[PDB]
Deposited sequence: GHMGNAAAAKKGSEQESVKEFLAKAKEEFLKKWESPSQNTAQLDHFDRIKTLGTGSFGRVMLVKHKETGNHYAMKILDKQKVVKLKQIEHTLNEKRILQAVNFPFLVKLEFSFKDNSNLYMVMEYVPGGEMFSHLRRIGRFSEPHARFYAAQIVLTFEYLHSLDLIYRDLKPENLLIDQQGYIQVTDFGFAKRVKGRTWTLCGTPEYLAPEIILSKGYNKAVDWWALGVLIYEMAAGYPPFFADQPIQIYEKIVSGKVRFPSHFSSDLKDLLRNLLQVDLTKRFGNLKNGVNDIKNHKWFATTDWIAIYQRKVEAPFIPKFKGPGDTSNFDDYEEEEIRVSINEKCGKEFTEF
C-alpha cells in the first residue's frame, strides 16, 4: 500500500493523539463557555486606527499601567442594533473568551460604556495577509502551504468544538511577529453540531450550498479553505466577476480553472476541496480532516511542528518595535465620543 508498516503505525498513533488532544480541549472550552476581565477606557492611550468596519473600528492602544500595546475593537452599540448584529457581537465575545489555540487571537479585556462595546485583544503587528498577498502578488506553494496548514489545524480545533467559522479570507488573517497566522474575527461563527441555514460570508468564499439556500454544515469551511489556498497560490481567487451574482454562477457550476504553474498535487487537493458534491468533498467524508492532512500536497508538513510554532516561517514582517503600525494602512481617525446617556442597555446586558 502507500505506507509501509512503520509509517502506518506512526500515522495511526498521531491521529489517535489528535483525538486525545481535542477531547481535552473541548472539555476546557465547555468549562470556560459556561463559567466565563474588565478594564475601562481610561486605562489605555489610543494610538492609531488599524482597520475599519460598519460596527466601529479597531485601534492600536497602549495600556497605561503596564505599557503593553493591544488592539481594541470598538463597537457602536446603536450601529450594532441598526445593522441587526446584536447576537453576532455577543457571540463573538463569548467565543473569544472561551477558545484557546496558538492561531486564535487572545482576548485580554472587555468592557462597555454608555455608547460603545470594547474588546481588547493581543496586537498582531504583522498586518493582514491580504496586504502582503496583493503586494507580493502570489505566494509560492511552500509559503501558501505553511499558512494553509495553520488554517487546517485551526479548523480541526474549531470543528471539534462544533464551531463553524464561515468567513475565511485573507482580510481576516493577520501575520504575527514570528510570521504565523492569527484569526481575530468571529462575527459569523456559530455552534452547529447539525446544520444551519443563514446566508452569510463573503461572495468569493461562499460554498455552493450556501448560495443555493440549503441547510449546510462545517463542510462550508473546507470549501473556503480551497478558495484560500487557490487565492494564496494564484494571487486571485478561483471565482470572480464584476458582480456577486456572476460569482455565484461560477461557484455552483462545478468548473474551476487553474494557473499553469500550479502543481498537480495542488490541483488535486483543490478539486477535492472545491467539490460541489458534498458526498465527495474533503473534510466531509468518513475520514474527516485526515483526507486533507494526509493529502500528497501536505506530505512535507510536520503537523506537530506547525502547532508548536517550530517551523521557520517563509516571511517575517517588518517590525521596528512595540507599537509599530507600518504593516497597516492609514485610516481616517474619528474621536471616541461617549454619550452622557446610556444607549441600548438591555440589548447588551450580557456583554
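- Going by the record, the unmodelled stretch of the deposited sequence is 37 to 38, and nothing else is missing.
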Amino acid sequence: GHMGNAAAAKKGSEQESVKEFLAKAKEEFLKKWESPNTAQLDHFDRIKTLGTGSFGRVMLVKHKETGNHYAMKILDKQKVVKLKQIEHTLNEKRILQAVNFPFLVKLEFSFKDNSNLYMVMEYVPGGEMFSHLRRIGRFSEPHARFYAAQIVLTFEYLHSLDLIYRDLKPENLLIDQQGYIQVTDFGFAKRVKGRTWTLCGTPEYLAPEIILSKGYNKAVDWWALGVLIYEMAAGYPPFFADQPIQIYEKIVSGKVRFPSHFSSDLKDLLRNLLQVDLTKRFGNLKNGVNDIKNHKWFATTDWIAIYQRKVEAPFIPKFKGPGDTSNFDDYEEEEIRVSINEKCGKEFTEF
From here on, numbers count along this sequence of modelled residues.
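If you superpose the two forms and keep the largest set of C-alpha atoms that fall within 1.5 Å, you have the rigid core.
- When the other structures are laid on the shown form by the core, the C-alphas of 37 to 45 and 313 to 321 differ in how far they drift in 9 other deposited structures of this protein; the larger average drift belongs to 37 to 45.
- Relative to the displayed structure, the C-alphas of 78 to 86 lie farther away on average in 9 other deposited structures of this protein than those of the other candidate, with 78 to 86 and 149 to 157 compared after rigid core superposition.
- Taking the mean C-alpha B-factor of each stretch as recorded, 241 to 249 and 263 to 271 are not equal, and the higher mean is that of 241 to 249.
- Mean CA B-factor, 100 to 108 versus 140 to 148: the higher value falls on 100 to 108.
- Ranking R309, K26, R46, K293 by Cα temperature factor from the entry places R46 first.
- Annotation for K190, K73, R94, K82: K82 ranks highest, by Cα B-factor.
- Looking at the C-alpha B-factors along this chain, the one for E122 belongs to the middle third.
- The entry lists a Cα temperature factor for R195 that places it in the middle third of the chain's modelled residues.
- Sort the modelled residues of the chain by CA B factor and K169 lands in the lowest third.
- In the PDB entry, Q78 places in the highest third of its chain by CA B-factor.
- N287 sits in the middle third of its chain by CA B factor, as recorded in the PDB entry.
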